[PDB]
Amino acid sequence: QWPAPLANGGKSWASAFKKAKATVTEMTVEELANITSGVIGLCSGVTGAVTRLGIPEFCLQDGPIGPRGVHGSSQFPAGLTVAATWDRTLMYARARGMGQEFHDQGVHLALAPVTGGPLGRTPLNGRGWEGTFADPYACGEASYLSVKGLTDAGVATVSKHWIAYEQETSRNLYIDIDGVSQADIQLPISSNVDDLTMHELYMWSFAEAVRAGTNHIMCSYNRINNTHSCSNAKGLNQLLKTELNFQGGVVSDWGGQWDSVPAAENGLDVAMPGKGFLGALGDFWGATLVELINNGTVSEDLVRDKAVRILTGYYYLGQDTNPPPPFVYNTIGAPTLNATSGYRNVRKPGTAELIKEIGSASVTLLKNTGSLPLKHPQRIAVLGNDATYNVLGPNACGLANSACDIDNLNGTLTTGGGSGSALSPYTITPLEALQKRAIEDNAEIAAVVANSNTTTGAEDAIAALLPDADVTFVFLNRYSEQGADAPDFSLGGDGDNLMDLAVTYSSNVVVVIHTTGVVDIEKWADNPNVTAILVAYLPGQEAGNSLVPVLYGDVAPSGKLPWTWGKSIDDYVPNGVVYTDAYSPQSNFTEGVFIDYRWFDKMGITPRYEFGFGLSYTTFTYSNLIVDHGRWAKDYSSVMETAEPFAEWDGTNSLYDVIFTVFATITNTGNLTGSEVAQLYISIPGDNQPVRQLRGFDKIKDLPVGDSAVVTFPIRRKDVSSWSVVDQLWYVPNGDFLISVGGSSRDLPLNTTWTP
């Protein structure tokens, strides 16, 4: 085994550690078992109180778009959607806003963000949308800022899911309900991950989360090399708590804990949900952990270290001197918990405008043949239930946005299904917003929003409506959800039918896709009747009013794709989702570090739309690439430090030191003002190395016609490193490094060589 290292508070939590140790020193064995296992309450999870010492219950609450199952709050855009902005300021402000609302609702610990698990090995991942980029570097940057935004608002974070949690299928949470136990059916999928892949690929974003000060981390459902993540000594005690120097608590996912003793010894700190959800998801600690200590199987001091880890967050964020107000909403639901809900409104001035701005900044133009931007069209047709409201109400699908019937017309896809969803005070529909703009132009506008296959008359309505239209907007979607992967890339609902009808009857079709990921558009993407295609991802509540200004040219589109859009699912990493009824299911990560565009680049597969692709209404020319070797600096700014070994280590040094900076220049060479995401890729020399790896991005805002601006990329030591499996450390390999800059992963007009 790898022994459990003791918390010491590290960099920023030293004083809070000290108060945590003082309190925990006073605790009895019953009290230690109480704080470390869940109890019944209104939140996703609730830690027992330590009543005698005045430590209250902590509310742990979903989710990564804001607190789930609460009224009086805003529905923020999904992580996928903010990734697609490529705007650091928006990644932070989104998180800070979510945090404000978490705090004002009474949440102590936010079950957020998703910071690298699932990272994106398969594009069918039913919950991939909760994360950000299918790229370690960019996911790392988003994860850093998301964590910082949440904690800066006074909410502790529980970053998730550690680690190699890359498929929902056979995730097999522990559950024992009505005589049928998952242990007797099938064990969780095992992620079989080589050491290099674990370091260079899956750990990257978690390192950034630890550096940003995440207070906790949640261990996933999957197994790793046939050992449960939540009792994987190598995972938690070694890689997380030793190499990453993590100082906070490891919280089990809900049914992630499979056992009592291995869990306490191998790095687990908090058993969730404990007595919540009827005890059906395992209840391995609590009174049972009291007996394990008193009879000497589990070390008392070991358990005190778990308590210390939990309380460090409490004191660091000042939840003692500034308590959160009470959490008033039943987010569990009857009959599981019968208990009434109060009411509180926490929506602040500015939040609706921020959510709108994220939408306008993310929406991504994949195809424009000249129909966009719109001028002042006079006869406008609109097709698709995605254009309008859920017919049962925007929250009809319930507490996790997953309970409406398989055929329901859910309206605009504003968030995905599951624990990462949230309620919505309203939906600004695409149709409401297009209609407002139509009225200003004295135009007419009509929408067919029924099911084009199963409602009588819809097809003929469509036939009758489209030919005369100046433009036809088609709104498509693809719902996906926690607990299943998507079967394939197929549009949800009547999507395919809408598109076949649309091109039969209109030669100016503009397609807008609200989705949790990549969809199959192969039948029509090259039809010249589809004059424009845009993906708007998951925009939360301001869906229509964020889209329409971009469509009409008020602001040029500036979003780019945060993953690869291949022409077929066969173009990706093989065995993305393993289906088997084998009792011990296996997923071998044979691809290694080569996921998403790294796979495409290495096998020479040409995607339909590459990673980092997006059109504007203008063009940008790249020039004057400069590598400034003299432009280096100490890492002073992190909240916490890791202990990742590296070759050049000398006591005063860091893996996150900036060792040089790359500069380049962009010129708007088109006819309209626009923003541009500049991207930097490095080819690190070695055996079996990716052709190139994203190591920088910078977004210039609203570059006027003919103007220029400089983009700037700080390069850290780690960014040019490789991990030595033989030596067990990060090193900068000798050799020629290629540095590329440009507008996508495949449009890189500038390059240069750098040698250390």
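We number the residues from 1 along the sequence you see.
Participant: Per the PDB record, is the mean Cα temperature factor higher over 185-193 or over 627-635?
Facilitator: According to the entry, 627-635 carries the higher average C-alpha B-factor.
Participant: Taking the mean of the C-alpha B-factors per stretch from the entry, tell me the winner out of 379-387 and 277-285.
Facilitator: On average, C-alpha B-factors are higher across 277-285.
Participant: Can you tell me which of 421, 125, 456, 245 has the highest Cα temperature factor in the record?
Facilitator: Among 421, 125, 456, 245, the PDB entry lists the largest C-alpha B-factor for 456.
Participant: Name the residue from 579, 611, 102, 204 with the greatest C-alpha temperature factor listed in the entry.
Facilitator: It is 579.
Participant: Lowest, middle or highest third: where is residue 432 by Cα B-factor in its chain?
Facilitator: Ranked within chain, residue 432 CA B lands in the lowest tercile.
Participant: When the modelled residues of the chain are sorted by Cα temperature factor, does residue 494 land in the lowest, middle or highest third?
Facilitator: Ranked within chain, residue 494 CA B lands in the middle tercile.
Participant: Could you look up the Cα B-factor of residue 558 in the entry and say which third of the chain it sits in: lowest, middle or highest?
Facilitator: Residue 558: CA B-factor falls in the lowest third of its chain.
Participant: Pull the Cα B-factor of residue 711 out of the PDB entry and bin it into the chain's lowest, middle or highest third.
Facilitator: Its C-alpha B-factor, which the entry lists for residue 711, ranks in the middle third among residues of this chain.
Participant: Which third, lowest, middle or highest, does the C-alpha temperature factor of residue 130 belong to within its own chain?
Facilitator: It belongs to the lowest third of the chain when residues are ordered by C-alpha B-factor.
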